[PDB]
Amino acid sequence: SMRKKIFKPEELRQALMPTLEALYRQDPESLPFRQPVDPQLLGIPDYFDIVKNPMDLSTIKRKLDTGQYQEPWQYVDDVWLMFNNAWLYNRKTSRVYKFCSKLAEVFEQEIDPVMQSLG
């Protein structure tokens, strides 16, 4: 039977970096997401009462550039984890919530065709 494809880091990078660059270019919308959450500096000391698995753009980038991803779905799941964290922690009337809803719309649009074309 057909086995699960493991990818060359170089192919994963060359196929998925663009969808990540599309998020990063949105400014200010990507600013909330660029850097691991510091609950002290951001003045949100209850952050980890609500979020339990942190994730950010800088973490996804390093994972991609040091080939820690073997399958493209691991990348996709990490992006959605970062967005689901934001939707869960922040109010619907907040900028981080609204920035999240907007970077999600961009991502769905970049990523859905890329995944058609990968094994």
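The first residue of the sequence shown is number 1, and the count goes up from there. What we label the rigid core is the largest C-alpha set whose atoms superpose within 1.5 Å from one form to the other.
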Quiz prompt | Divergent stretch in 7 other deposited structures of this protein, 8 to 16 or 94 to 102 [C-alpha RMS, superposed by the core] | solution = 8 to 16
Quiz item: Taking RMS over all structures and residues, which stretch has CA atoms farther from the shown form in 7 other deposited structures of this protein, 47 to 55 or 78 to 86, after a rigid core fit?
Solution: 47 to 55
Quiz item: Which is higher in the entry, the mean Cα B factor of 43 to 51 or that of 65 to 73?
Solution: 65 to 73
Quiz item: Thinking about Cα B factors across the chain, which third does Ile111 belong to?
Solution: highest
Exercise. Would you mind ranking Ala22 by its C-alpha B-factor against the rest of the chain and naming the third, lowest, middle or highest?
Key: highest
Quiz item: Can you tell me which third, lowest, middle or highest, the CA B-factor of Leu16 falls into for its chain?
Solution: middle
Practice problem: Could you tell me which third, lowest, middle or highest, the C-alpha B-factor of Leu103 occupies within its chain? | Solution: highest
